[PDB]
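If you number the sequence shown the way PDB author numbering does, the last residue is 58 and the count never jumps.
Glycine is no exception: its CB is placed at the ideal position from the N, C-alpha and C atoms.
Some notes on the structure that comes next.
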Amino acid sequence: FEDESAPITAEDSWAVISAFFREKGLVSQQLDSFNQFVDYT
Numbered sequence: 018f019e020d021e022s023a024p025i026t027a028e029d030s031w032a033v034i035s036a037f038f039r040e041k042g043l044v045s046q047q048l049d050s051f052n053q054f055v056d057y058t
């Protein structure tokens, strides 16, 4: 279980960055704003 709790290196930063763009995208702000507007405002 030592490997499961070992500190991460600088290479894992790109893995963390991945799965973020995968779920957000480059135009996430506009889509989220429009969806919230249509839903509530």
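Can you give the Cα-Cα distance for residue i and residue j, rounded to whole angstroms?
i, j, result
"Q47", "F18", "42 angstroms"
"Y57", "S30", "36 angstroms"
"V55", "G42", "20 angstroms"
"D20", "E28", "16 angstroms"
"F38", "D49", "14 angstroms"
Short of 7 angstroms in beta carbon distance, which residues of its chain neighbour residue i, apart from the five on each side in sequence? Order them along the chain.
i, result
"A32", "none"
"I25", "none"
With a threshold of 8 angstroms on Cβ separation, who are the neighbours of residue i within its own chain once the five nearest residues in sequence on each side are excluded?
i, result
"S35", "none"
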